[PDB]
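Visitor: What follows is a structure written as structure tokens; I'll ask about it next.
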Amino acid sequence: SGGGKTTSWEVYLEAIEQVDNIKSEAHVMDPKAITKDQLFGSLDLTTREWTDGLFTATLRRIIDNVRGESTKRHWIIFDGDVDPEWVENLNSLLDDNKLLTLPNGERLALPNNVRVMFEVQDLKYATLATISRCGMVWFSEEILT
Amino acid sequence: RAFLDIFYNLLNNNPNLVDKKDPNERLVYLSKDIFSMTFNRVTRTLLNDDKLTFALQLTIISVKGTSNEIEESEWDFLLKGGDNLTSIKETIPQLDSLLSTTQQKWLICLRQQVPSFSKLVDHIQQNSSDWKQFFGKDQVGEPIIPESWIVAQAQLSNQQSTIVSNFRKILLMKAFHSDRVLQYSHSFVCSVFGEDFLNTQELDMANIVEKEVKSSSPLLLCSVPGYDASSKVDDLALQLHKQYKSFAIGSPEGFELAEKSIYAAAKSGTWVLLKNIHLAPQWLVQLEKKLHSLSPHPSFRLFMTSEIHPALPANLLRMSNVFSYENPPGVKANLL
Amino acid sequence: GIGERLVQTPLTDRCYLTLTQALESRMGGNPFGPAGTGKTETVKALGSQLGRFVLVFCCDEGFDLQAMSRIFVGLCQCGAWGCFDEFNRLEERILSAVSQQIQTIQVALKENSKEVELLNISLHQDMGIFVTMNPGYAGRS
Amino acid sequence: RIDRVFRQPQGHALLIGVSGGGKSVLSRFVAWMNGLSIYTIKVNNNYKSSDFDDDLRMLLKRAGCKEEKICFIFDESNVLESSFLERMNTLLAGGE
Amino acid sequence: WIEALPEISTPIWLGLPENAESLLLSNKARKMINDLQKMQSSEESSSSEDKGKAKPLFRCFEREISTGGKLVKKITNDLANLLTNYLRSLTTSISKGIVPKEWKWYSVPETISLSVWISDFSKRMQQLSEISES
Amino acid sequence: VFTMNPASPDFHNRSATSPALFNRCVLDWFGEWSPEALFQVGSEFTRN
Amino acid sequence: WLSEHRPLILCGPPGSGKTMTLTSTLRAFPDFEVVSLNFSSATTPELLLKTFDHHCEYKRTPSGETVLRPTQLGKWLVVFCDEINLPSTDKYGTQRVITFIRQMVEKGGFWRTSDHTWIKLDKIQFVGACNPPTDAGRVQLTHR
Amino acid sequence: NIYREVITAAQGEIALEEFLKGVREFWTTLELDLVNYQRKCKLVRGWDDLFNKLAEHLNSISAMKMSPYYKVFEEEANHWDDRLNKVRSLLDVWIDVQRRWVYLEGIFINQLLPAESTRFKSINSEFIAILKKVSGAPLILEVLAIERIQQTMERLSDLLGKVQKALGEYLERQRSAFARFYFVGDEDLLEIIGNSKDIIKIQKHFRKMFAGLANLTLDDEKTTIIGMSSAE
Amino acid sequence: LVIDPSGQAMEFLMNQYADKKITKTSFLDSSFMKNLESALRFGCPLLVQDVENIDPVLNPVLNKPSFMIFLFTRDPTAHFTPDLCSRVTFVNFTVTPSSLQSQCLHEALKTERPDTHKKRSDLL
Ligand SMILES: Nc1ncnc2c1ncn2[C@@H]1O[C@H](COP(=O)(O)OP(=O)(O)O)[C@@H](O)[C@H]1O
Ligand SMILES: Nc1ncnc2c1ncn2[C@@H]1O[C@H](COP(=O)(O)OP(=O)(O)O)[C@@H](O)[C@H]1O
Ligand SMILES: Nc1ncnc2c1ncn2[C@@H]1O[C@H](COP(=O)(O)OP(=O)(O)O)[C@@H](O)[C@H]1O
Ligand SMILES: Nc1ncnc2c1ncn2[C@@H]1O[C@H](COP(=O)(O)OP(=O)(O)O)[C@@H](O)[C@H]1O
């Protein structure tokens, strides 16, 4: 905590909108502030009624140029704790796959103008399956003397 | 409730008690026919290996309160066979010309523990021309206890009994030949109940599930992973003339649907069967609590099948004639 | 389409044989080992190599049963490939459910049976069931 | 001592003690006196939170709405589930 | 030819050295023995007080003593509590005949009597030492 | 009125979970039936 | 600390003077409507939400967003969390109720799982109390 | 002596009296808690609540018949037993019709299954017509007074059931006709069946039937198929 | 609250009060709650197997027209709670070494010598 993380990607994204002129919109959200079923969605075992999730939807608004999201780069930072839970439902997206499929066989594809990230304090509760397909960027606190 | 039966059949249906009627004389038989009969019912559930283990306990218990009673200090050493060995700094230097490092400590634990094994160190240090081959490595002749010791010790104690002398060999062997313990133990047990005792008699599923088991207790058959007892029941069911109704206790529609067959079966008196009951770890628990309370008709013989698995709730096997099955040794048997 | 193609390593082949040779024996394939080797990918590569329609059934999750029972009808008919990724991760309850089903299809499939009696449906020869997982315990599967 | 507690806004009692020692019986008494109404929680092996919450309403209303003197005796063998304490907790603190 | 075959079959038939049978008989004799040491206890303490009386390559070695030495303090400070959730189970195995969980910091055969595990660790420690001064 | 027992297995547990308990209500430790009580309750029950 | 509206914590023993010390100082503030929330082991981020839909209000600014402001006009709401360090941690050391707060303090808003629309806090600050994590049932607070 | 057997008897009877008071005042006024349904109708909510109250009272009425004071309020006790019972029986078949309808509602495509799309209109007709006589007089005891509603709702149950059964028989055929179809849940299937023309509203479902085939190619006319495009 | 694992006790009661009619129910099948109300009022012995999972709905009875409930336990180590211990009268039946030895000595004398049994029987 307090190493320059939240600030780093904030300057990077803000600066890229000039070297590319394209808007680098991001979407932060604590993956622990809400129940897992709200971060990806679930199925109502009474009518197959699917209740959308936070990430599921936030990934949709991009594939559907409702406001013209394709006209720029995206970022979905999970500023929250990391565990081998809400991360497994992404494996088929963090690697070659690129499709956050859902129990209802929604199969949500991942464009190339969209990027997913994490801003965790630690990974002591993370398995070799969580990170694996992810970009590790150490942010020692010693940076910000 | 199971034991009490062997006890009962001992006083009544004893195959060797059908003759003589004198009670004073009959007692002689029962006093011994208890271990034999008991071991027979139990040995049907005990896996080959464990078969002998139990035999020993019954022995020490039989020769109890007799001139053959084993010293609680010796049986204490058999189990507590110098388990502390990994911390005996004392030594036996005047014998380095025979026993080795870790080999020496053992002789001490024996002398240190059991009393009837204190003069040992000396007997060996004396006529070493006897124990030479015993401790003697490359011995193209299964190690042998010097008859000098077996007797020199027998008299060195009022305990001049054969059975006692036999047991003792095990102790000596456990300390210098941990691979002869299984053998010498067999010899000891036999000298008490006869070499015929441990003779694994072939079963006879006839009298068993028909004239030796009430409809109250099933016949669970815990087999070994890689073998199925299924066929066993089928071959006997049809070749006996009776009802039947197997069931795959694993599928979804196998739980509820099946049970019915069991209820009615016990109501009229028909045979049933349930294989791989282990596949249903959470179900069997229910069967138990139920089966327990439901007096069936004499012509009932609910069967069960699975592999030795911890799943089977204790209350399950306990209320039934468990039969352990396992592929025997030898290459011949495998081929056939 | 363009899809993905693994690298025919000396293992990918020794594996390609065990499956084909075993798949020819009217029996499903089961590649065990420490997660992260090819268990799933290789299986998918084989099917894609034979112009088949392999399917990856993700377990260790909410694995729907009411859905699985159905999909099987498709595999048997279409003649597709059913690959269960981490098939050992299913809850004992569910794991016992599916297992019982695969037992039905695979058994009847070894007898040539033109139609299975799952859940009578048509059974296609090209259909195949694959179950991946971690190595058992001391050699046992 | 049980009386003192009753005659006082937000007066609750935490009687710790051996079983069948008079904890309930003696509490019912002092309650019956000051005009309080003892309300129990008839439970069983087949209860639930969807049940406690419901009854938590019959009570909460009888006090806040109908201004009545109730003496809710809550025995340990009643918390047949965690949630029960969470409710009893806030209820004790801010009667809500 | 098969029926005419002798029941018993030695380990030589399996291309194994005749001695092989000696190892099997030994373990089987031990397991049987161990069982009798249980069916005796169930049909019938201050241990810690005793065991307490004990206690380019440059890169590798450094860790060998670091990670290992760290275990020394653990065993000393953890056991010293002879006279929570962890401290509880840590004493179960000591009274059941198994090496307490959190202690196995190094590769050691599953079935290894308590008395031995500790002994090894002791000698295994003087190992790291002799390297220090060296 | 909370009526629990000192023996109850989950004793020191029903505490930490809910602070209001040992912080709001008045804790009157009934304790065990004192020797003086046992005597009086016995003489009073065997009077007739 | 109260002027800047920071989630200060009044750590101290039982009856030290925490709850009191605060309520008194809060008086030196004209527009400071306080609310008392009693946390525990079950106090999840959801419960904290229930209190909002009973003191605050979701309004859609002329801009197009949607702010969460205290019902009373021109008044700062003070959400006082009595036993804030008691919330139980999941199977991965995480007091969801704390992360939820941090998300509203640093970020300034929380996602409303129903229409997935960012809800920014207007005039709703925080202030909690508790005992040192040294005491039982207590759970150290995340450095985040 | 005798002065205590009457006093207690008088109090033991007023209890049965008091009991019936809450029952006679709870059902002769209790109105079905309806809720608007997407501006098409209004279903009945709070089932478990109605059932629990019906079961409770019915249990106390059946047991209070072994009381030395039951003989008095025996006529009113048995009356409620009848009324309350008919109420629980009607609700059971109703909660079935309520559901059986809701499902089939979001479906009836219709031009493909007339044999059943028509059989539903007859059910949907009287249903919305009867629900009006209910929404107006929510008195649970009044609605139970409609012209043989039991024989009417039981018919809607059967009918509505006979329809859904045919559906599964149709969907089952659509699949046996196109193997792949077994991969798409009943949900997406019904959608794929209705959009037989608007290929656009189907493009998104292909990935769950064919391996690489992700999107079909249409000619400049946008009516005929030309080729196929893979996700890549 | 008969703590009888050997089952001898249960077998004793079912044969002792077979006249007064007894129901071998338990806290299992729903038939329980229905059986109690029957035995309770209509008067007649009972028997609730597996008391490990007893419901706090019986309390009113375990503390008081003409019947008797028999709580049983097949678990010889069943660790109960204070409440249950107080409102119940424990009856241990676990067969110890000495006890069983006595059962055999009798069941053997009554058979391997019934004559010397008619003497003590009839006489005394
Ligand atoms: N180059 C810099 N020099 C001095 N201070 C900085 C610099 N960059 C960021 N900071 C300050 O240090 C803090 C770093 O926090 P940050 O790492 O961005 O958040 P988090 O800890 O949540 O990842 C910020 O609040 C910011 O005000
Ligand atoms: N022969 C190979 N050629 C190319 N890549 C391979 C090969 N074998 C394994 N891999 C890579 O290693 C990873 C193994 O993961 P996968 O096999 O999908 O999981 P699991 O090992 O659990 O079955 C794949 O993502 C793949 O890219
Ligand atoms: N001082 C007393 N004299 C006689 N009987 C008493 C006395 N105190 C309690 N009892 C008896 O002991 C029982 C205690 O029950 P109760 O108070 O409801 O449970 P608890 O004490 O466990 O809360 C009562 O039924 C009562 O008859
Ligand atoms: N300076 C003070 N002036 C008046 N009362 C005080 C003072 N300090 C402590 N107290 C008393 O001590 C009690 C402390 O309780 P409080 O602070 O509300 O709980 P906590 O300390 O657990 O937050 C108050 O009831 C108050 O009467």
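All residue names refer to the structure tokens as shown: chains lettered A, B, ... in order, residues numbered from 1 in each chain, ligands numbered from 1 in order.
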Pick out each residue of stretch 21-116 of chain C that DSSP on the backbone tags as strand (DSSP E or B); I need them as a list in words.

Guide: residues 29, 32, 54, 55, 56, 57, 58, 81, 82, 83, 84, 85, 115 and 116 of chain C

Visitor: Considering only C-alpha atoms, extract the chain I residues located within 6 Å of chain D and return them as a PDB file with N, CA and C atoms, in the first residue's frame.

Guide:
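Written out: result_16.pdb:
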```
ATOM      1  N   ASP I  55     -34.454 -32.885  19.509  1.00  0.00           N
ATOM      2  CA  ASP I  55     -34.966 -31.539  19.281  1.00  0.00           C
ATOM      3  C   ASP I  55     -35.468 -30.902  20.574  1.00  0.00           C
ATOM      4  N   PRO I  56     -35.215 -29.596  20.752  1.00  0.00           N
ATOM      5  CA  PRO I  56     -35.633 -28.845  21.941  1.00  0.00           C
ATOM      6  C   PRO I  56     -37.145 -28.640  22.019  1.00  0.00           C
ATOM      7  N   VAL I  57     -37.885 -29.475  21.297  1.00  0.00           N
ATOM      8  CA  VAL I  57     -39.341 -29.401  21.274  1.00  0.00           C
ATOM      9  C   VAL I  57     -39.935 -30.398  22.268  1.00  0.00           C
TER      10      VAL I  57
END
```

Visitor: Could you list, as a PDB file with C-alpha atoms, in the first residue's frame, all residues that come within 12 Å of ligand 2? Count only C-alpha atoms and all ligand atoms.

Guide:
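Output saved as selection.pdb:
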```pdb
ATOM      1  CA  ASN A  91      -8.760 -18.019 -16.989  1.00  0.00           C
ATOM      2  CA  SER A  92     -10.537 -18.459 -20.318  1.00  0.00           C
ATOM      3  CA  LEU A  93      -9.740 -14.825 -21.113  1.00  0.00           C
ATOM      4  CA  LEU A  94      -6.376 -14.117 -19.478  1.00  0.00           C
ATOM      5  CA  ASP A  95      -4.750 -16.567 -21.893  1.00  0.00           C
ATOM      6  CA  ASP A  96      -5.219 -17.443 -25.571  1.00  0.00           C
ATOM      7  CA  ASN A  97      -8.929 -18.111 -25.002  1.00  0.00           C
ATOM      8  CA  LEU A 128       0.032 -20.606  -9.444  1.00  0.00           C
ATOM      9  CA  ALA A 129      -3.242 -20.768 -11.375  1.00  0.00           C
ATOM     10  CA  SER A 132       0.034 -17.696 -14.357  1.00  0.00           C
ATOM     11  CA  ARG A 133      -1.629 -15.965 -17.308  1.00  0.00           C
TER      12      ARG A 133
ATOM     13  CA  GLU C   4      -4.602 -23.114 -32.397  1.00  0.00           C
ATOM     14  CA  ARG C   5      -2.084 -25.893 -33.041  1.00  0.00           C
ATOM     15  CA  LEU C   6       0.264 -27.277 -30.385  1.00  0.00           C
ATOM     16  CA  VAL C   7       3.858 -28.324 -31.036  1.00  0.00           C
ATOM     17  CA  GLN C   8       4.210 -32.015 -31.886  1.00  0.00           C
ATOM     18  CA  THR C   9       6.645 -32.747 -29.058  1.00  0.00           C
ATOM     19  CA  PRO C  10       7.919 -36.292 -28.416  1.00  0.00           C
ATOM     20  CA  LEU C  11       5.291 -36.359 -25.665  1.00  0.00           C
ATOM     21  CA  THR C  12       2.433 -35.005 -27.779  1.00  0.00           C
ATOM     22  CA  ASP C  13       2.964 -38.031 -30.028  1.00  0.00           C
ATOM     23  CA  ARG C  14       3.414 -40.696 -27.358  1.00  0.00           C
ATOM     24  CA  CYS C  15       0.152 -39.218 -26.083  1.00  0.00           C
ATOM     25  CA  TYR C  16      -1.468 -39.087 -29.519  1.00  0.00           C
ATOM     26  CA  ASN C  30      -7.727 -40.160 -19.387  1.00  0.00           C
ATOM     27  CA  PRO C  31      -4.463 -38.161 -19.277  1.00  0.00           C
ATOM     28  CA  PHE C  32      -3.369 -37.482 -15.692  1.00  0.00           C
ATOM     29  CA  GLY C  33      -0.463 -35.461 -14.338  1.00  0.00           C
ATOM     30  CA  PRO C  34       0.440 -32.123 -12.687  1.00  0.00           C
ATOM     31  CA  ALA C  35      -1.806 -29.360 -14.040  1.00  0.00           C
ATOM     32  CA  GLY C  36       0.017 -27.424 -16.740  1.00  0.00           C
ATOM     33  CA  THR C  37       1.337 -29.995 -19.205  1.00  0.00           C
ATOM     34  CA  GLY C  38      -1.133 -30.469 -22.043  1.00  0.00           C
ATOM     35  CA  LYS C  39      -3.735 -32.846 -20.611  1.00  0.00           C
ATOM     36  CA  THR C  40      -6.485 -30.653 -22.068  1.00  0.00           C
ATOM     37  CA  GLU C  41      -4.712 -28.834 -24.907  1.00  0.00           C
ATOM     38  CA  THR C  42      -3.275 -32.047 -26.352  1.00  0.00           C
ATOM     39  CA  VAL C  43      -6.721 -33.662 -26.269  1.00  0.00           C
ATOM     40  CA  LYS C  44      -8.151 -30.619 -28.046  1.00  0.00           C
ATOM     41  CA  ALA C  45      -5.286 -30.692 -30.546  1.00  0.00           C
ATOM     42  CA  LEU C  46      -6.010 -34.326 -31.402  1.00  0.00           C
ATOM     43  CA  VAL C  56     -14.191 -28.577 -23.041  1.00  0.00           C
ATOM     44  CA  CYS C  58     -15.086 -26.925 -17.295  1.00  0.00           C
ATOM     45  CA  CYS C  59     -15.507 -28.611 -13.917  1.00  0.00           C
ATOM     46  CA  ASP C  60     -14.296 -27.347 -10.525  1.00  0.00           C
ATOM     47  CA  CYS C  83     -13.374 -33.293 -22.708  1.00  0.00           C
ATOM     48  CA  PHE C  84     -13.760 -32.791 -18.958  1.00  0.00           C
ATOM     49  CA  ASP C  85     -11.051 -30.416 -17.749  1.00  0.00           C
ATOM     50  CA  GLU C  86     -10.040 -31.324 -14.188  1.00  0.00           C
ATOM     51  CA  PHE C  87     -12.827 -33.929 -14.102  1.00  0.00           C
ATOM     52  CA  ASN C  88     -11.710 -34.936 -10.601  1.00  0.00           C
ATOM     53  CA  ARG C  89     -12.695 -31.507  -9.288  1.00  0.00           C
ATOM     54  CA  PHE C 130     -12.052 -37.566 -22.429  1.00  0.00           C
ATOM     55  CA  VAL C 131     -11.356 -37.002 -18.738  1.00  0.00           C
ATOM     56  CA  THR C 132      -8.268 -35.127 -17.552  1.00  0.00           C
ATOM     57  CA  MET C 133      -7.046 -34.814 -13.962  1.00  0.00           C
ATOM     58  CA  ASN C 134      -4.099 -34.896 -11.568  1.00  0.00           C
ATOM     59  CA  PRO C 135      -2.120 -38.090 -10.922  1.00  0.00           C
TER      60      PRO C 135
END
```

Visitor: Give me the residues within 12 Å of residue B:190 as JSON, numbers by chain, counting only C-alpha atoms and dropping any in the same chain fewer than 2 places off.

Guide: {"B": [36, 52, 55, 56, 58, 59, 162, 163, 166, 167, 183, 184, 185, 186, 187, 188, 192, 193, 194, 195, 196, 197, 198, 199]}

Visitor: Could the residues in this selection be saved with N, CA and C atoms as a short mmCIF file (atom, residue, chain, number, x, y, z; two decimals), in the first residue's frame?

Guide:
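The resulting result31.cif:
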```cif
data_model
loop_
_atom_site.label_atom_id
_atom_site.label_comp_id
_atom_site.auth_asym_id
_atom_site.auth_seq_id
_atom_site.Cartn_x
_atom_site.Cartn_y
_atom_site.Cartn_z
N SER B 36 -11.35 -71.39 18.90
CA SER B 36 -11.47 -71.96 17.56
C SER B 36 -12.68 -71.40 16.82
N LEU B 52 -3.32 -63.38 10.99
CA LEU B 52 -2.42 -63.87 12.03
C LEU B 52 -2.43 -62.97 13.27
N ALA B 55 -4.88 -63.94 15.65
CA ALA B 55 -4.56 -65.26 16.19
C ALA B 55 -3.72 -65.16 17.45
N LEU B 56 -2.70 -64.30 17.42
CA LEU B 56 -1.82 -64.12 18.57
C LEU B 56 -2.58 -63.70 19.83
N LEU B 58 -5.66 -64.08 20.71
CA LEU B 58 -6.47 -65.17 21.23
C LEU B 58 -5.59 -66.18 21.98
N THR B 59 -4.36 -66.35 21.52
CA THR B 59 -3.43 -67.28 22.14
C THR B 59 -3.05 -66.82 23.54
N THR B 162 6.85 -75.53 27.28
CA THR B 162 7.13 -75.50 25.85
C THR B 162 6.55 -74.26 25.17
N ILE B 163 5.26 -74.01 25.39
CA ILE B 163 4.59 -72.86 24.79
C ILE B 163 5.34 -71.58 25.14
N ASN B 166 8.58 -71.25 23.31
CA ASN B 166 8.31 -70.91 21.91
C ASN B 166 8.17 -69.40 21.72
N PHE B 167 7.25 -68.79 22.46
CA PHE B 167 7.03 -67.36 22.38
C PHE B 167 8.35 -66.61 22.44
N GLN B 183 7.12 -65.71 10.96
CA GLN B 183 7.24 -67.17 10.94
C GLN B 183 7.15 -67.75 12.34
N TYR B 184 8.10 -67.39 13.20
CA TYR B 184 8.14 -67.88 14.57
C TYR B 184 6.84 -67.63 15.34
N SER B 185 6.11 -66.58 14.97
CA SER B 185 4.85 -66.28 15.64
C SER B 185 3.84 -67.37 15.28
N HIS B 186 3.86 -67.77 14.01
CA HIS B 186 2.97 -68.81 13.51
C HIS B 186 3.23 -70.10 14.27
N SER B 187 4.51 -70.41 14.46
CA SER B 187 4.93 -71.62 15.16
C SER B 187 4.42 -71.60 16.59
N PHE B 188 4.52 -70.44 17.24
CA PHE B 188 4.06 -70.29 18.62
C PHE B 188 2.56 -70.55 18.72
N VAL B 192 0.05 -73.97 20.44
CA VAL B 192 -1.01 -73.74 21.42
C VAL B 192 -2.38 -74.25 20.96
N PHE B 193 -2.70 -74.02 19.69
CA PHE B 193 -3.99 -74.45 19.15
C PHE B 193 -3.86 -75.49 18.04
N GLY B 194 -2.64 -75.95 17.79
CA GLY B 194 -2.43 -76.94 16.75
C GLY B 194 -2.11 -76.28 15.42
N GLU B 195 -1.27 -76.94 14.63
CA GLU B 195 -0.88 -76.41 13.32
C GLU B 195 -2.08 -76.29 12.40
N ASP B 196 -3.16 -76.98 12.75
CA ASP B 196 -4.38 -76.96 11.95
C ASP B 196 -5.22 -75.71 12.19
N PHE B 197 -4.98 -75.04 13.31
CA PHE B 197 -5.72 -73.83 13.66
C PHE B 197 -5.70 -72.78 12.55
N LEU B 198 -4.52 -72.28 12.21
CA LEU B 198 -4.40 -71.26 11.18
C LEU B 198 -4.72 -71.72 9.77
N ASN B 199 -5.03 -73.01 9.61
CA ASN B 199 -5.37 -73.53 8.29
C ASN B 199 -6.62 -72.84 7.76
#
```

Visitor: Determine, counting only C-alpha atoms, which protein, DNA and RNA residues have an atom within 7 Å of an atom of residue A:100; residues of the same chain fewer than 5 positions away are not included. Present the result as a PyMOL selection string.

Guide: chain A and resi 89-90+92-93+107-109

Visitor: Please list as a compact mmCIF listing (two decimals) with N, CA and C atoms, in the first residue's frame every residue within 8 Å of stretch 118-134 of chain E, counting only C-alpha atoms and excluding residues in the same chain fewer than 3 positions away.

Guide:
```txt
# COMPACT_ATOMS: atom_id res chain seq x y z
N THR B 86 16.84 -46.06 19.39
CA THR B 86 17.47 -44.86 18.86
C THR B 86 17.97 -43.90 19.94
N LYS E 51 12.99 -34.80 24.88
CA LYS E 51 13.39 -34.34 23.56
C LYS E 51 13.92 -32.91 23.58
N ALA E 54 17.70 -31.72 23.50
CA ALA E 54 18.46 -31.67 22.26
C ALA E 54 18.49 -30.27 21.66
N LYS E 55 18.25 -30.18 20.35
CA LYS E 55 18.24 -28.92 19.63
C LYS E 55 19.66 -28.38 19.45
N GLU E 64 20.59 -22.64 3.02
CA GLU E 64 20.58 -23.91 3.74
C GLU E 64 20.59 -23.70 5.25
N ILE E 65 21.36 -22.71 5.71
CA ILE E 65 21.45 -22.41 7.13
C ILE E 65 20.36 -21.44 7.56
N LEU E 114 8.62 -40.91 15.48
CA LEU E 114 8.99 -39.67 16.15
C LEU E 114 10.44 -39.64 16.62
N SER E 115 10.81 -40.65 17.40
CA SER E 115 12.16 -40.76 17.94
C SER E 115 13.25 -40.56 16.88
```

Visitor: Counting only C-alpha atoms, collect the residues of chain H whose closest atom lies at most 12 Å from chain D, and write them out as a PyMOL selection string.

Guide: chain H and resi 48-49+52

Visitor: Give me the residues near residue A:1 as a PyMOL selection string, where near means some atom within 10 Å (using only C-alpha atoms) and where sequence neighbours in that chain fewer than 2 positions away do not count.

Guide: (chain A and resi 3-6+119-122+139-141) or (chain G and resi 142-144)

Visitor: So that I can check the surroundings of residue I:40, please list as a PyMOL selection string every protein, DNA and RNA residue that reaches within 9 Å of it, counting only C-alpha atoms and ignoring chain neighbours fewer than 4 positions away.

Guide: chain I and resi 35-36+44-46+65-69

Visitor: Find the distance between atom CA of residue D:96 and atom CA of residue D:60 and write it in Å to one decimal.

Guide: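 For atom CA of residue D:96 relative to atom CA of residue D:60, the distance reads 8.1 Å.
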